[PDB]
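Protein chains in written order, with PDB author numbering: chain F, 30 to 183; chain B, 75 to 147; chain M, 2 to 28; chain C, 2 to 81; chain O, 40 to 122; chain A, 8 to 748; chain E, 2 to 62; chain J, 1 to 38; chain I, 2 to 32; chain D, 21 to 139.
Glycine included, each C-beta is placed from N, C-alpha and C at the ideal position.
First up is the structure itself, then whatever we jot down about it.
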Amino acid sequence: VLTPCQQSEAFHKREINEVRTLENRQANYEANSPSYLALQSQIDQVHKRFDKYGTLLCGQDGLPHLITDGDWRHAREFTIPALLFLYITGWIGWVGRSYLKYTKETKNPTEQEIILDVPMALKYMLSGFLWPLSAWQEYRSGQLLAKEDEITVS
Amino acid sequence: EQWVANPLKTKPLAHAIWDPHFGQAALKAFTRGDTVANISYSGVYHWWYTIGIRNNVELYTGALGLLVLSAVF
Amino acid sequence: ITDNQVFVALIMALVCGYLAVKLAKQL
Amino acid sequence: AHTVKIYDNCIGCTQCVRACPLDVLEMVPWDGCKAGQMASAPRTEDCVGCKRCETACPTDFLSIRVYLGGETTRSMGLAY
Amino acid sequence: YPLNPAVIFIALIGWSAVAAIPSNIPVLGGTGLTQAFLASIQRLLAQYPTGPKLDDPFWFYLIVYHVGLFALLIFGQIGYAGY
Amino acid sequence: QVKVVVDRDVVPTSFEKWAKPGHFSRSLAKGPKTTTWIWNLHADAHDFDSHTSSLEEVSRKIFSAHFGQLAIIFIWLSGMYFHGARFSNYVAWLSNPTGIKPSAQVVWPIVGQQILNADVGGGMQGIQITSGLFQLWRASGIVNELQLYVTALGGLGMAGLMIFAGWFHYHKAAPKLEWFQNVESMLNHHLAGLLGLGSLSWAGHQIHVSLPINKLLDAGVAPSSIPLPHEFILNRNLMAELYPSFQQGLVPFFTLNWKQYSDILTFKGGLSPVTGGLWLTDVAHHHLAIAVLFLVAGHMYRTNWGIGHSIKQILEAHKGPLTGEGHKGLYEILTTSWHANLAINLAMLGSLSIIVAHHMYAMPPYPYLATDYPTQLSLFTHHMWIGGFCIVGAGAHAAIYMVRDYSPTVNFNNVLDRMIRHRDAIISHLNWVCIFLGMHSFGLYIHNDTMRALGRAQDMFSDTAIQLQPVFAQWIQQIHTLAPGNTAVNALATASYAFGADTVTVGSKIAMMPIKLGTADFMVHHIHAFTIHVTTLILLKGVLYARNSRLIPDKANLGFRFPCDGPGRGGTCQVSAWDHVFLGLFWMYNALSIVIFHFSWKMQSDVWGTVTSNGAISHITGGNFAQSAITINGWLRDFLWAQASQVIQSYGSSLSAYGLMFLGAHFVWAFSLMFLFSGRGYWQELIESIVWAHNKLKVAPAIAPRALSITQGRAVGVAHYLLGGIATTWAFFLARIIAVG
Amino acid sequence: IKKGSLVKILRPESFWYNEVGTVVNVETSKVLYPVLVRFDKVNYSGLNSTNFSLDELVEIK
Amino acid sequence: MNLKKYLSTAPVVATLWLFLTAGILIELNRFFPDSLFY
Amino acid sequence: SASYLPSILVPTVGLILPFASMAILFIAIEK
Amino acid sequence: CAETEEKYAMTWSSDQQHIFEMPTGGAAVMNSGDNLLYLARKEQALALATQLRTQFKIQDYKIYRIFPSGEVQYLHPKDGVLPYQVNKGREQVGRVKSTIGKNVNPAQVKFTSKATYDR
Ligand code: CLA
Ligand code: CLA
Ligand code: CLA
Ligand code: CLA
Ligand code: CLA
Ligand SMILES: CC1=C(C/C=C(\C)CCC[C@H](C)CCC[C@H](C)CCCC(C)C)C(=O)c2ccccc2C1=O
Ligand code: SF4
Ligand code: SF4
């Protein structure tokens with residue numbers, strides 16, 4: 030059963046064990062060593078690390094699990110970086126497709142791919158920002174796809 | 075059938091060994107009864123024990139009963 | 002667990018061996 | 002033997018015969034191309050089958066297609 | 040090709056006599072390179088099963104005498120190259 | 008004669024041809040219609056005897072390229088001196104070296120990886136050095152951070168002189184070929200000028216820097232009371248206290264009373280019992296011996312003054328009867344073909360690097376080097392590995408000579424091709440020696456494997472069982488015990504303490520123990536002779552069958568990196584002189600993997616470890632070699648199962664980056680097999696079946712996406728098999744010995 | 002038909018099958034494969050320059 | 001003059017873009033480390 | 002339980018059967 | 021060996037004593053006037069024909085195939101002219117009517133002793 034992670038026992042056992050275990054090296058230095066300040070910053074980055082995983086679900090393992098159902102209580106877990114990611118490589122993919130359908134109609138398409146025309150490249154890098162309703166409106170013209178390309182025997 | 079007497083305890087034996095390469099020290103690393111047989115890791119005594127073979131005699135009549143069938147095929 | 006049943010078995014698979022070599026030199 | 006067959010795509014550019022280091026291939030005057038030539042493979046008893054012809058066959062797809070057939074002494078290329 | 044299989048013993052003259060009288064004392068042999076060997080083979084020659092790895096002047100003056108003796112007989116066949 | 012004719016303003020220096028990739032090859036300036044142009048661009052980036060046959064233009068290109076290599080090496084050493092300066096704990100390491108583990112690289116604090124900063128002491132953390140730079144700096148006498156900064160900045164200065172030198176010697180002053188075929192002068196300046204003045208000037212550094220400094224650090228002086236090497240030459244008085252022969256000046260040198268220089272120079276050998284290194288009196292005396300001996304050596308090549316040899320009149324004079332012509336032609340081979348010179352120099356360079364490894368483990372020449380065992384391990388191992396690869400470079404570039412630059416007119420009946428007349432009798436007897444040593448080097452391991460597995464340990468090859476005591480190695484090692492009284496008359500100790508007397512300990516750490524060789528060490532030496540003979544088989548089969556085999560009698564007409572001939576002759580895959588080098592790299596991995604698996608486990612059983620009270624002994628595995636190296640279950644269990652345990656439990660600690668470079672190197676090793684086993688007849692229409700999925704969405708790439716070629720599609724399987732395979736033993740070894748030593 | 006015309010192929014072992022290409026030379030001397038067609042892209046032989054018959058001569062407009 | 005063509009090639013712009021997005025990941029993981037939400 | 006039969010049958014199938022089977026098969030290359 | 025395998029003896033003439041390379045290996049003496057040369061297999065021999073012909077003129081050359089019965093053969097050339105050059109004596113064998121695209125499917129050839137292209 031996925032307990033809420035802020036109250037799970039083995040979670041806070043890992044809190045005591047890692048703050049104490051990393052803290053064992055912190056007594057190897059004086060009060061004004063640069064390493065001692067670095068492990069001050071590291072202990073801060075462990076208490077923040079465990080307070081910022083409060084609303085997750087760590088089960089009996091004491092390790093924060095995830096949920097990928099789109100439950101809308103786990104939306105910040107999976108689906109918000111899911112839609113975020115699909116926007117980012119939809120950006121990248123529409124940039125690359127748009128640049129290849131640029132260099133397909135140029136003088137010499139071979140030299141276009143070694144030496145990227147950074148004018149027209151950085152045109153398409155930035156212009157491919159709104160690929161759902163630009164790739165979709167280039168799909169409604171019947172132009173994202175193709176037909177009767179290369180194939181083997183049958 | 076010694077395994078049928080004690081199914082949890084006794085480790086089930088496969089066929090026996092005749093190595094002329096076992097000098098002495100390996101011969102004491104296999105003694106499960108008088109034979110030095112391999113422990114049978116194939117679940118066959120469990121299937122023959124749910125079948126209800128509780129004997130070695132029924133296994134001989136079965137072994138003859140499949141030499142007959144192999145000769146038939 | 003007995004003795005003569007083993008001999009009955011090796012006779013029956015000797016016959017089965019002759020039927021195997023009888024299948025061998027015809028196909 | 003390794004059966005060499007030379008189809009009607011053979012436009013007679015003769016990189017095949019120059020590419021064969023066995024002289025299984027020769028050129029035959031054949032009035033069906035612009036050069037008037039079409040290659041022939043009469044002596045396939047010496048044909049290794051190394052497909053060095055098919056590398057240097059600049060047709061559409063392989064006018065000369067080597068099919069790997071029999072394996073004699075000469076067609077296996079063993080020295081002894 | 041070996042047209043001159045003439046002499047071998049000229050190396051035995053040529054390698055023992057150049058290595059007998061120079062003693063050069065504080066090494067294994069206080070005597071020369073060969074005198075420390077001929078004395079240290081006659082103790083072992085009469086079918087002695089001994090001579091272990093700690094037998095110094097048998098093994099060491101075995102190899103160091105054979106390695107110059109081989110070299111001087113080979114150079115003796117090089118002594119039939121100027122013909 | 009000797010004269011230097013130099014073309015000026017050879018090549019203009021605009022960035023125009025950088026915009027033309029593949030400008031250099033007219034076979035490759037067509038531009039990429041396929042993606043194989045991308046990889047052929049890099050496979051022809053240094054085929055200098057494939058750009059143009061004109062050896063002048065080639066020779067300018069290579070000779071300018073060497074300065075680029077030395078520029079990268081001076082950037083590398085300037086990097087090591089700066090990471091020694093700003094980032095290392097070397098100043099604190101100089102106080103107590105046996106307690107402080109050496110660290111330079113201080114990992115930047117991003118997510119997690121700040122835990123790699125190992126608290127190695129010195130008050131400052133960071134990942135631990137295994138390269139052994141601090142031992143060479145204590146030997147060289149670098150006291151504080153200032154010489155590391157300044158020597159780093161001089162490293163960048165020489166890097167600028169090598170970039171400017173290479174630009175200067177390709178573009179605006181580049182020589183003729185008559186400069187290059189003036190090779191008696193080249194040997195005449197490299198024997199004498201490079202190595203002679205190198206060892207002589209280094210004897211200057213050791214006598215006027217290291218002998219006072221590593222006398223004071225041997226006396227245990229803190230690195231603040233130590234004066235600068237500066238201050239030992241303003242007056243002889245600070246050195247006459249340390250070495251009282253400096254008071255006499257150079258006067259006993261010029262009168263040849265060299266008995267007086269017993270303070271500065273001696274012949275003692277052994278090791279320093281205090282620092283665990285060689286005596287720098289012996290090392291400075293040694294570099295004087297290389298000094299005078301190489302300056303003698305340089306002057307045997309007639310250049311202008313009619314005094315000295317020429318190589319032609321040497322090689323003609325050995326007109327032996329069983330070779331017929333003698334060495335006629337080799338001065339014309341080695342001064343017209345670069346690849347043959349690269350074969351010789353990579354063979355001797357690689358075998359020198361192996362010699363470096365074997366001379367560094369047993370005579371540890373740096374102070375406190377044998378104390379920290381990871382620097383003792385990885386400087387054996389690293390120089391063993393480059394010392395391996397360079398021999399395969401000999402086996403390749405010998406074949407690149409034999410395919411390209413062979414000409415039978417200059418090379419007719421001499422010592423060279425008379426081998427190739429009976430190369431069947433060469434390779435056939437290598438075949439026999441490989442089978443005989445494989446049976447008698449590994450069949451003994453299957454024997455002891457079975458006899459230990461069959462219970463009958465009375466039939467093994469142990470010391471208790473049928474023994475195979477190495478007779479010859481124990482005998483000559485016993486001679487090396489008896490050296491410094493008998494034959495090395497003016498010595499005191501032996502050539503090493505791998506030979507003779509009782510062990511040398513520094514800080515309760517065993518610096519060197521006399522290595523015992525009994526009946527297991529024997530069989531591993533026959534492993535090494537075996538897998539050396541197999542690489543010699545593949546790398547002589549790669550050269551004698553390079554140009555014209557009896558399978559394929561025109562390979563020079565096909566080239567060097569051709570994949571094959573075809574399915575004819577029943578299949579002629581992998582038959583080129585390059586493909587034997589493809590095989591010799593796997594056998595390089597085998598041969599050196601069991602060299603270092605002999606090293607790092609015999610010396611974790613027979614040498615290294617600690618010493619306790621009353622001089623009592625303790626090894627790391629605890630004498631667990633001769634009862635365990637005889638089998639393979641003892642080898643795999645007791646070595647690869649047991650020594651892995653400090654690499655595998657290394658998580659949550661500073662050794663966990665080796666726990667990442669262990670698994671990832673298993674990944675790269677396993678990832679090579681995809682390239683080795685399959686071939687482009689699969690991947691080309693797998694890829695083209697993906698090209699359908701780009702042609703459907705108009706994402707057809709204009710450079711056509713081929714698969715790799717065959718030779719690239721096996722060269723990359725080598726270069727992953729070796730990167731993953733070598734980095735496994737890398738992470739395993741450094742995570743093993745850092746975790747204890 | 003003519004030189005310079007942009008021609009789709011209908012032969013399944015053409016590498017450029019169902020891809021248009023430009024006509025370079027046509028011979029009218031009963032050569033069985035007279036219409037030499039080269040292409041933008043490149044087969045595995047490295048060679049765009051091939052030739053075809055008249056049944057595999059389908060142009061576009 | 002033609003250096004900017006060399007700074008428009010495939011590997012150089014590959015390093016000047018993967019170096020840049022690499023710096024986006026590292027500079028976005030120094031400022032907000034341990035980011036499993038959102 | 003005839004405890005002597007593997008002492009006969011294990012060697013005569015283990016070694017001497019791949020002698021006569023080498024003869025029957027290997028001469029049966031030419032028969 | 022020579023008592024059971026077809027030795028290939030290559031006979032040719034030259035003008036000057038040059039030096040070529042054997043297919044067995046190494047440099048050969050190359051008798052200037054006329055010289056025969058026993059070999060092992062045909063690719064060695066025509067590889068030597070490429071070895072000499074692409075360098076310089078070695079014409080009036082052909083291997084007499086010593087088959088072990090005792091007599092010879094003659095292949096390169098037969099009509100006296102070089103094979104990629106076109107002579108009006110050679111009869112072409114080894115063709116079909118079209119490309120591979122009209123070759124028969126091997127399920128139409130299954131259980132018959134035919135080829136995948138004869139039709
Ligand atoms: C122009 C950019 C671009 C675009 C839009 C696509 C799109 C596609 N590829 Mg892909 N691909 C690309 C480049 C691209 N590819 C490159 C450069 C390679 C070589 C590494 C591949 C190798 C590849 C394989 C092997 C496969 C696909 C497949 C696919 C399809 C499924 C999506 C997927 O998993 O992608 C796969 C994505 C990758 C393998 C990694 C992405 C490739 C690079 C890193 C990103 C591309 C950005 C591009 C370089 C930007 C250049 C332009 C810009 C400078 C102006 C999809 C149509 C699959 C398919 O057929 O599915 C139907 C498939 O099996 N691709
Ligand atoms: C005694 C003079 C001398 C010295 C010291 C060297 C030293 C070297 N030569 Mg060299 N060489 C010389 C004479 C000399 N050469 C002559 C006379 C010829 C012509 C026959 C050549 C032909 C030659 C070739 C063809 C090659 C070398 C290479 C090398 C380098 C090997 C790499 C190495 O050891 O790095 C250790 C590095 C050092 C020890 C640094 C050395 C720098 C010091 C300052 C000496 C350099 C002085 C310089 C040569 C004087 C030029 C005069 C000019 C300024 C007016 C090394 C720097 C190889 C190389 O890498 O190319 C550069 C190479 O391929 N040499
Ligand atoms: C008297 C001068 C002298 C001194 C003090 C040293 C001292 C040293 N050398 Mg040495 N060396 C010398 C001369 C000298 N060498 C000469 C002249 C050569 C070239 C032949 C070498 C070649 C050499 C190698 C290859 C190695 C050393 C190494 C070492 C170190 C190991 C410690 C030891 O016990 O070695 C004592 C040294 C010796 C027993 C060498 C004696 C060499 C004699 C002087 C050669 C005489 C030359 C002459 C032509 C005779 C040659 C044939 C002869 C054998 C019959 C030590 C610092 C090892 C090292 O690097 O340490 C890690 C190592 O691997 N040396
Ligand atoms: C572990 C796998 C393995 C093994 C055992 C071998 C073994 C061998 N390789 Mg090798 N090889 C391997 C992997 C392996 N290779 C891989 C992965 C590559 C990839 C690059 C190569 C590439 C390679 C090349 C390129 C060459 C070899 C060659 C050889 C042979 C060297 C001669 C020798 O040692 O004979 C001794 C044999 C052994 C040690 C094998 C064990 C034999 C035991 C000891 C005795 C017999 C067992 C048993 C009694 C048999 C009877 C019972 C049975 C009949 C029922 C040897 C058989 C060379 C060759 O052709 O031979 C010279 C050669 O040129 N190998
Ligand atoms: C190749 C390495 C090797 C070697 C050297 C041995 C050696 C041995 N094994 Mg063995 N073994 C090996 C591999 C090897 N094994 C492997 C790989 C396996 C597993 C497959 C086994 C499995 C095995 C078992 C199961 C047993 C042994 C046993 C033995 C011992 C007796 C065998 C015997 O009678 O020899 C027979 C020897 C010969 C017939 C001699 C032939 C070779 C001669 C010397 C060649 C001489 C040629 C000559 C030099 C030509 C030059 C001179 C001429 C020109 C005049 C013997 C020590 C037995 C034992 O009890 O150990 C004590 C035993 O029970 N082995
Ligand atoms: C997988 C495989 C391939 C396919 C390998 C493909 C073709 C290469 C994949 C890696 C390249 C580098 C991808 C190209 C991507 C570019 C780097 C652009 C990406 C954008 C940035 C990363 C720069 C072979 O070609 C092959 C050939 C012969 C034997 C075995 C194999 C084989 O196993
Ligand atoms: S087929 Fe290709 S190679 Fe053979 S001749 Fe016609 S064109 Fe030249
Ligand atoms: S098959 Fe081998 S030999 Fe016969 S032609 Fe094609 S390539 Fe030349």
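### Task
Taking only beta-carbon positions, decide if J/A22 is within less than 8 Å of chain F.
Numbered from 1 along the eighth sequence, position 22 holds the residue referred to as residue 22 of chain J. No, no contact with chain F.
> Should residue 1 of chain M be flagged as near chain I, meaning a C-beta pair shorter than 8 Å?
Replying inline: The requested residue 1 of chain M does not occur in the structure, where chain M is confined to residues 2 to 28.
message: Residues of chain M with CB closer than 7 Å to the CB of B/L101, please, in chain order.
response: Here residue 101 of chain B refers to the residue found at position 27 when the second sequence is read from its first residue. By Cβ distance, chain M contributes nothing, its closest Cβ being about 23 Å from B/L101, past 7 Å.
| task | Please compile the residues from chain C whose C-beta is within a distance smaller than 9 Å of the C-beta of E/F16. | result | Sequence index remark: in the seventh sequence, residue 16 of chain E carries index 15 (1-based). Ordered by position in chain C, the residues that pass the 9 Å Cβ test against E/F16 are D61, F62.
Item checked: For A/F22, the three-state DSSP class (helix, strand or coil) -> What you label residue 22 of chain A is simply residue 15 of the sixth sequence in a count that begins at 1. In this structure, A/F22 counts as coil in the three-state DSSP scheme.
For E/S54 and E/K42, I'd like the C-alpha separation in whole angstroms. Indexing the seventh sequence from 1 puts residue 54 of chain E at position 53. Indexing the seventh sequence from 1 puts residue 42 of chain E at position 41. When rounded, the distance between both Cα atoms is 20 Å.
Q.
Only counting the same chain, and skipping five residues up and downstream in sequence, which positions put a Cβ closer than 8 Å to that of A/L287?
A. Locating residue 287 of chain A in the sixth sequence gives position 280, where the first residue counts as 1. Only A146, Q213, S217, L218, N221 meet the Cβ criterion.
Does the Cβ of A/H454 lie closer than 7 Å to at least one heavy atom of ligand 5? Walking along the sixth sequence from the start, residue 454 of chain A turns up at place 447. Within the cutoff, so yes.
To the nearest angstrom, how far is it from the Cα of O/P44 to the Cα of A/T416?
Numbered from its first residue, the fifth sequence carries residue 44 of chain O at position 5. Numbered from its first residue, the sixth sequence carries residue 416 of chain A at position 409. The alpha-carbon atoms of O/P44 and A/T416 are separated by roughly 36 Å.
Can you give, in chain order, each stretch of the beta strand (DSSP E) that sits fully within the region 76 to 103 of chain O and has at least 3 residues?
none
If you follow the beta strand (DSSP E) that A/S360 is part of, which residue opens it and which one closes it? For the purposes of this step, residue 360 of chain A is identified with residue 353 of the sixth sequence, where counting begins at 1. First-last for A/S360: 345 to 369, but that is the alpha helix (DSSP H), not the beta strand (DSSP E).
Limits of the unbroken beta strand (DSSP E) element including residue 749 of chain A = As displayed, chain A neither begins before 8 nor continues past 748, which places residue 749 of chain A out of reach and without an answer.
Under 8 Å by Cβ, that's how I've got A/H587 and A/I545 pegged, so tell me the actual separation to the nearest angstrom.
Sequence index remark: in the sixth sequence, residue 587 of chain A carries index 580 (1-based). Sequence index remark: in the sixth sequence, residue 545 of chain A carries index 538 (1-based). Between A/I545 and A/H587 the Cβ distance is about 5 Å, and since that is below 8 Å, they are a contact.
Practice prompt. Leaving out five residues on either side along the sequence, give the residues of the same chain with a beta carbon under 8 Å from the beta carbon of A/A742.
Written response: Counting from one through the sixth sequence, the residue named residue 742 of chain A turns up at place 735. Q653, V654, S657, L662, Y665, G666, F669, listed in sequence order.
Q: Would you mind giving the Cβ-Cβ distance between A/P236 and A/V290, rounded to the nearest angstrom? I have them listed as a contact below 8 Å.
A: Stepping through the sixth sequence from its first residue, residue 236 of chain A is reached at position 229. Stepping through the sixth sequence from its first residue, residue 290 of chain A is reached at position 283. Rounded, the Cβ-Cβ distance is 16 Å, inconsistent with contact.
ask   = DSSP on F/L92, reduced to helix/strand/coil?
value = Against the first sequence, residue 92 of chain F aligns to sequence position 63. Note: F/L92 maps to coil in three-state DSSP.
Original post:
A/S21 touches chain J at which residues, Cβ-Cβ below 8 Å?
Top reply: As a first step, residue 21 of chain A must be located in the sixth sequence, where it is residue number 14. Within chain J, the residues near A/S21 are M1, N2.
Find the nearest neighbour of A/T638 within the set A/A460, A/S679, A/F589, A/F674, judged by alpha-carbon distance. Walking along the sixth sequence from the start, residue 638 of chain A turns up at place 631. Nearest C-alpha to A/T638: A/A460.
Can you give the Cα-Cα distance for A/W100 and A/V150, rounded to whole angstroms?
-> The count along the sixth sequence starts at 1 and reaches residue 100 of chain A at position 93. The count along the sixth sequence starts at 1 and reaches residue 150 of chain A at position 143. Their Cα atoms are separated by approximately 11 Å.
Excluding the five sequence neighbours on either side, which residues of its own chain have a C-beta within less than 7 Å of the C-beta of F/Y131, listed in chain order?
Against the first sequence, residue 131 of chain F aligns to sequence position 102. Cβ neighbours of F/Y131 beyond the five flanking positions: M149, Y153.
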